[PDB]
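Only this structure's heavy atoms are used, side chains among them; waters, hydrogens and symmetry mates stay out. Just follow the structure's listing: the first ligand is 1, and inside any ligand the first atom is 1. So you know, we letter chains A, B, ... as the sequences are listed, proteins then strands, and number each from 1.
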There are 2 protein chains.
Amino acid sequence: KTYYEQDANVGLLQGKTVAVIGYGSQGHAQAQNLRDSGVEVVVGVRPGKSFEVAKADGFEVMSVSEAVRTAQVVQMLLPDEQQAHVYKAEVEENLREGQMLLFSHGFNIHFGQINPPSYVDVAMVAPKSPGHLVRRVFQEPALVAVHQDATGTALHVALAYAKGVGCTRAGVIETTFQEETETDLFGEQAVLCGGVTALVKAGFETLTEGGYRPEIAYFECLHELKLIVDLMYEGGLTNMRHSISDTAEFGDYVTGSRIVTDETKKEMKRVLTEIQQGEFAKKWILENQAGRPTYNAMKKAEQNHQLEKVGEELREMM
Amino acid sequence: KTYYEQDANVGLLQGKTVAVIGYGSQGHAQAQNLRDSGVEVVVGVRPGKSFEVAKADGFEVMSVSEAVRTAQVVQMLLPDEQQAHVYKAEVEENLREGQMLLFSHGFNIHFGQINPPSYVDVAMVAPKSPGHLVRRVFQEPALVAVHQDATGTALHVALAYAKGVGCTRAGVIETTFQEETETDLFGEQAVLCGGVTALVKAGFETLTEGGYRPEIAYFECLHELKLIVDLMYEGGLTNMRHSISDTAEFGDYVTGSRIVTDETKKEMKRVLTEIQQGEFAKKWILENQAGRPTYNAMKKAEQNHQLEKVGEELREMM
Ligand SMILES: NC(=O)c1ccc[n+]([C@@H]2O[C@H](COP(=O)([O-])OP(=O)(O)OC[C@H]3O[C@@H](n4cnc5c(N)ncnc54)[C@H](OP(=O)(O)O)[C@@H]3O)[C@@H](O)[C@H]2O)c1
Ligand SMILES: NC(=O)c1ccc[n+]([C@@H]2O[C@H](COP(=O)([O-])OP(=O)(O)OC[C@H]3O[C@@H](n4cnc5c(N)ncnc54)[C@H](OP(=O)(O)O)[C@@H]3O)[C@@H](O)[C@H]2O)c1
């Protein structure tokens with residue numbers, strides 16, 4: 001079930017103020033994506049670089065408290081790990097009846113970090129592409145989930161935000177908060193971000209440990225990957241399989257099963273299971289409560305890897 | 001050591017005919033990339049779709065025999081597995097003194113499938129991006145290796161082909177036939193093509209087996225990957241790490257090491273070792289001698305996967 005442009009009409013927002021809370025990777029694009037489509041947008045963000053960048057973007061930047069007080073659609077675009085602190089201290093006491101409490105990721109609702117009152121709609125519009133892309137695509141996809149419907153229009157108000165940001169153009173698939181949260185987390189951990197970077201690093205290190213030039217390993221392990229995945233996007237694995245040599249495609253077939261075994265699949269099911277049982281959520285929540293001793297260290301190590309170091313010069317010249 | 005535009009001058013090709021043998025993924029782009037840069041190109045290909053597509057591209061399409069006879073630079077752009085059959089039956093007897101025998105992949109020279117005579121230069125220009133990209137980039141990278149220098153200019157004649165195709169613009173890194181062959185094969189088997197498709201499929205199947213909607217699994221496992229890798233290209237892992245949520249980056253750190261273990265690294269070293277010992281080459285060579293009973297079956301299975309099936313509708317609408 002996919003809602004499209006004919007399923008939505010932003011007219012439900014004519015005269016309705018959308019408070020974009022936060023102004024970062026998603027906050028800046030969606031606020032400017034609503035901007036063109038005649039959506040009256042007010043940005044609620046703490047003072048800082050987001051505050052003045054949204055100001056120079058021509059918006060009405062105010063505090064999170066004042067933004068909730070003067071809006072009917074509160075769109076939560078702070079970091080997932082900051083949303084509960086800001087909510088109870090600045091949003092909750094200012095929520096009124098019929099307001100929409102919107103998210104673009106279901107983490108804080110699904111794992112009980114934000115417990116909204118009963119007189120607001122709780123819905124989600126989760127775009128699949130990062131901000132900058134949502135911005136420029138509109139200037140010329142997403143999931144929708146309705147957690148709590150108090151007005152009877154939360155689905156159609158959320159599709160007016162989908163239409164306002166312009167996701168009904170490409171198309172919006174309906175899901176739930178649980179299903180979006182669980183699969184969004186699993187994808188970036190097991191495949192998109194955790195698996196691929198670990199796979200790129202392992203290949204790179206096998207070549208450098210094999211005596212091969214580090215700059216050569218950078219090309220065939222990381223740099224050629226963009227060209228490999230672009231073809232996958234346009235037409236799946238089949239298209240990418242056809243642009244590459246039969247020598248490459250045959251290597252794919254006989255080597256993929258060696259790299260990703262039945263044991264890798266069993267570990268992915270454990271990753272998924274820990275997501276479903278809130279165990280990852282707990283890990284990330286307590287991680288932030290502890291002052292990120294683990295996130296900061298591992299972030300610095302990943303940036304000190306030779307793949308990232310040798311990657312500097314290589315990208316400069318060309 | 002990187003040769004650049006100032007290191008090459010196509011003038012060594014003024015009045016020199018470059019015979020592009022084959023007209024496919026690489027043949028069409030390089031022949032048209034040389035075309036604009038005043039390079040006199042003659043295409044030598046068997047009759048068929050490549051023969052008439054090169055004809056409608058305005059070239060002088062002739063047989064492989066006649067192309068070698070009337071050219072001074074023979075560029076071998078047939079499939080790696082067809083080059084030895086075509087060579088001995090159509091190239092070898094027509095090679096003369098001072099001709100350049102060029103490749104864009106070192107497989108057939110490094111694994112002793114083509115044994116060139118002593119009176120020709122043997123060199124390589126291996127572009128890192130597939131054809132279509134080489135074409136349009138020139139209209140507005142590569143490795144260079146010199147296997148046999150008989151004229152004393154094979155390196156500078158090959159950089160005139162690099163300049164003629166336009167790789168000296170971005171830049172060309174010098175390698176050997178062995179090093180290009182070994183790492184090109186290892187990259188596509190362990191990382192780019194074999195590892196990633198196996199990793200995408202394993203994630204997708206974990207979600208579908210987990211009860212999740214197949215269309216939802218397509219987005220977070222395959223479709224979002226292009227947007228993930230694009231960021232990696234522009235600025236390494238660091239850049240991609242920053243566009244994604246801290247919730248995503250923290251998942252990366254704690255999950256990558258679970259998916260790609262010390263055991264995955266040991267298996268990659270076995271993949272590499274089998275490449276270095278000619279064992280993969282033998283496998284692929286005998287595979288083709290047998291009538292591809294293994295390549296065809298596995299190709300059909302990969303195209304019948306649900307990820308590719310569900311991928312159809314999803315890409316259509318948007
Ligand atoms: N591409 C994605 O990463 C992606 C995909 C879909 C949906 N989402 C979801 O969208 C939401 C945010 O995504 P994001 O990646 O856009 O977050 P972001 O890029 O980190 O933007 C962060 C914003 O939060 C503000 N902020 C941080 N702490 C604050 C506080 N204590 N009080 C007030 N404002 C504060 C920052 O202002 P300063 O500049 O002052 O810190 C900045 O404007 C998350 O729920 C995320 O899961 C993101
Ligand atoms: N992106 C890459 O795949 C890539 C990367 C760098 C370098 N290379 C290297 O470049 C070379 C070819 O790459 P490719 O991927 O361009 O090959 P390709 O796309 O398969 O092009 C195949 C060409 O070979 C011709 N051909 C096949 N069998 C023939 C025969 N028996 N006699 C004459 N012509 C024949 C085809 O003509 P029909 O249409 O008549 O079959 C077609 O023109 C290989 O050495 C490859 O490793 C490729």
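In this structure, B:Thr181 OG1 and B:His105 NE2 are separated by 5.0 Å, a value rounded to the nearest 0.5 Å.
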Test log, rule side-chain contact (heavy atoms from CB on, under 4.5 Å), inputs B:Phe103 and B:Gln83: CA-CA 10 Å; B:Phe103 301 81; B:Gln83 279 178 21; 3.4 Å; yes
Criterion side-chain contact (heavy atoms from CB on, under 4.5 Å) on A:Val45 and A:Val61, from CA distance to verdict: CA-CA 7 Å; A:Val45 74; A:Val61 195; 3.6 Å; yes
Verdict with supporting geometry, B:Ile228 and A:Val196, side-chain contact (heavy atoms from CB on, under 4.5 Å): CA-CA 10 Å; B:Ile228 292 302; A:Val196 159; 5.8 Å; no
Stepwise side-chain contact (heavy atoms from CB on, under 4.5 Å) test for A:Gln26 and A:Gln75: CA-CA 10 Å; A:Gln26 292 285 342; A:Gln75 163 64 319; over 6 Å; no
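Scanning the protein for heavy atoms near atom 28 (N) of ligand 1, the closest one is A:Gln82 OE1, 3.0 Å. Among all non-hydrogen protein atoms, the one lying nearest atom 42 (C) of ligand 1 is A:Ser50 OG, 3.3 Å. In terms of protein heavy-atom proximity, atom 45 (O) of ligand 1 is closest to A:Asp80 OD1, 2.9 Å. Taking atom 18 (P) of ligand 1 as the reference point, the nearest protein heavy-atom neighbour is A:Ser25 N, 3.8 Å. In terms of protein heavy atoms, atom 29 (C) of ligand 2 is closest to B:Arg46 NE, 3.5 Å.
Below 3.5 Å of separation, one finds an N or O of B:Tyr23 facing an N or O of ligand 2.
Only the backbone of B:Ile244 comes within 4.0 Å of ligand 1, judged by heavy-atom distances. At a 4.0 Å heavy-atom cut-off, ligand 1 touches A:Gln26 through backbone and side chain alike. Contact annotation: for B:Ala126 versus ligand 2, there are no heavy atoms closer than 4.0 Å. Under 4.0 angstrom from ligand 1, there are no non-hydrogen atoms of B:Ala248.
With hydrogens and angles left out, the side-chain atoms of A:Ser63 and A:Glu66 include a donor and acceptor closer than 3.5 Å.
The closest approach between B:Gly44 and ligand 2 stays at or above 4.0 Å for every heavy atom of the residue. Residue A:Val86 places a heavy atom less than 4.0 Å from ligand 1.
Taking the side chain to side chain donor-acceptor pair (under 3.5 Å) definition, one finds that B:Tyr23 meets it with B:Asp57, sequence neighbours left out. For B:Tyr87, there are no ring pair (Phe, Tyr, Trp, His ring centres under 6.0 Å) partners at least two apart in sequence or on another chain.
Interface atoms of ligand 2 facing B:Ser104, defined by a heavy-atom separation under 4.0 Å, are 6 (C), 7 (C). For ligand 1, the atoms lying closer than 4.0 Å to a non-hydrogen atom of A:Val45 are 34 (N), 37 (O), 43 (O). The distance from ligand 2 to the heavy atoms of B:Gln83 drops below 4.0 Å at these ligand atoms: 44 (C), 45 (O). Residue contact check: B:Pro127 has heavy atoms under 4.0 Å from atoms 6 (C) of ligand 2. Ligand 2 places these atoms under 4.0 Å from at least one heavy atom of B:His105: 9 (C), 45 (O), 47 (O). Listed by number with element, the atoms of ligand 2 under 4.0 angstrom from any heavy atom of B:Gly22 are 43 (O).
Without hydrogens or angle criteria, A:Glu287 side chain to A:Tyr295 main chain gives a donor-acceptor distance under 3.5 Å.
Within the 4.5 Å cutoff, no side-chain heavy atoms of A:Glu188 are placed close to those of B:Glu224.
Remark: A:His85 NE2 is loosely packed, at most 12 non-hydrogen atoms of other residues, nucleotides or ligands lying under 6.0 Å away.
With A:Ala89, A:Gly131, A:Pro79, B:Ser245 as candidates, the residue nearest to atom 22 (C) of ligand 1 on a non-hydrogen basis is A:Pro79. Of all the listed residues (B:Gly106, B:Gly24, B:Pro130, A:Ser243), B:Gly24 holds the heavy atom that lies closest to atom 21 (O) of ligand 2. Comparing B:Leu78, B:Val125, B:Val53 by heavy-atom distance to atom 44 (C) of ligand 2, the nearest is B:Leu78.
A salt bridge does not link B:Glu90 to B:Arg46: none of the charged side-chain nitrogens sits closer than 4.0 Å to a carboxylate oxygen.
The two residues A:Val144 and A:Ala158 make their nearest non-hydrogen contact at CG2-CB, 4.3 Å.
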